[PDB]
């Protein structure tokens, strides 16, 4: 079978490279019986469209933001609690936990997909065209976000003017004033060069940004038992590999952003004032897994169960 795998990330992106590597290994491990054609950069549609077609089985596979999945499955919102993870190594440990993996079990019924495991991209940061000395400076700023509710809620609590926008439009929107600021990670701030029309880079690490490897449940059901096991395990390995890339590269991409001539500041949870508490109130009855995920995150940190 020639499977198709969609992503929204550009070609240089870690996810796209991981999907290509998965595709190569599947071809080899299957003795050429199967192949994967990778379609990055939104070639097959936006993420919402891709999920619709995973659900029907018109699309076989995706490396998808958990952000999009949360639009369909609001419990995935739990991963976006601000400052749940203290850094990318903590985030990776959370995403590998039994608590997190247990949350995947609902996906075949609730979204028509099998989730094999979690990967991630980088922590979320803020880039702005003007000075930002306190959270009050975010008030009324047209601020680009990924189109999902957890981040919309965070910025609405802060009083910004969040504006959903997909990746390809972001650079131009900054350059032309359609937005004043963006929510982004350091990999894409580097790759998309969004720092070019920014004044201030705020390294806030305010939210994690998980990824999930998905197989259409309709397609999975048509696979032989041997292939269900082999393909899901292999995909899980490649999804998991992204966590180690970000563990290594996150501080490297961050340091590169000290060399682009802009005002560079690190801020912590206190910077955001009451927005974190407001977010909790919004999400308490939307994402029932949140208390258990918070306990898991706290235990990983207390036990020093990651590189820190």
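In PDB author numbering, the protein residues as written are 27 to 334.
Yeah, the Cβ is synthetic: ideal placement off N, Cα and C, and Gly gets one too.
Could you give the residue range of the alpha helix (DSSP H) that holds residue i?
i, result
"residue 49", "40 to 55"
"residue 344", "Outside the shown range of the chain (27 to 334) lies residue 344, about which nothing can therefore be said."
"residue 178", "175 to 184"
"residue 153", "Where residue 153 is concerned, there is no enclosing alpha helix (DSSP H), although the beta strand (DSSP E) it sits in stretches over 151 to 154."
"residue 71", "It is not in any alpha helix (DSSP H) - residue 71 carries neither H nor E in the DSSP assignment."
Thinking just about the alpha-carbon of each residue, which of the options is nearest to the one in residue i?
i, options, result
"residue 228", "244, 218, 214 and 209", "209"
"residue 49", "264, 283, 278 and 155", "264"
"residue 57", "27, 327, 261 and 96", "27"
"residue 294", "159, 223 and 268", "159"
"residue 94", "114, 113, 71 and 110", "71"
"residue 287", "200, 219, 116 and 119", "219"
"residue 16", "43, 230 and 161", "One cannot answer for residue 16 here, as it falls past the ends of the chain, which runs 27 to 334."
"residue 193", "268, 91 and 44", "91"
"residue 188", "172, 197 and 130", "172"
"residue 104", "250, 155, 148 and 321", "321"
"residue 46", "54, 64, 303 and 38", "64"
Would you mind sorting residue i into buried or exposed? The rule is 16 or more other CB atoms within 10 Å of its CB.
i, result
"residue 335", "No answer is possible for residue 335: it lies beyond the span of the chain, which begins at 27 and ends at 334."
"residue 135", "exposed"
"residue 235", "buried"
"residue 73", "buried"
"residue 144", "buried"
Could you please give the first and the last residue of the uninterrupted beta strand (DSSP E) stretch that includes residue i?
i, result
"residue 90", "87 to 91"
"residue 29", "28 to 32"
"residue 145", "139 to 146"
"residue 170", "168 to 171"
"residue 187", "187 to 190"
"residue 292", "289 to 292"
"residue 61", "61 to 65"
With residue i and residue j assumed to form a contact (beta carbons below 8 Å), what rounded beta-carbon distance in angstroms separates them?
i, j, result
"residue 85", "residue 32", "6 Å"
"residue 161", "residue 297", "6 Å"
"residue 205", "residue 170", "5 Å"
I'd like to know if residue i contacts chain C, where contact means its C-beta is closer than 9 Å to some C-beta of that chain.
i, result
"residue 241", "Among the protein chains of the structure shown there is no chain C, as only one such chain exists."
Check your understanding: Unbroken beta strand (DSSP E) runs of length 3 or more, entirely within the segment 201 to 233: which are they?
Key -> 207 to 210 and 226 to 229
Check your understanding: Counting only runs that start and end within the segment 233 to 286, where is the alpha helix (DSSP H) found for 4 or more residues in a row?
Key -> 243 to 247 and 251 to 282
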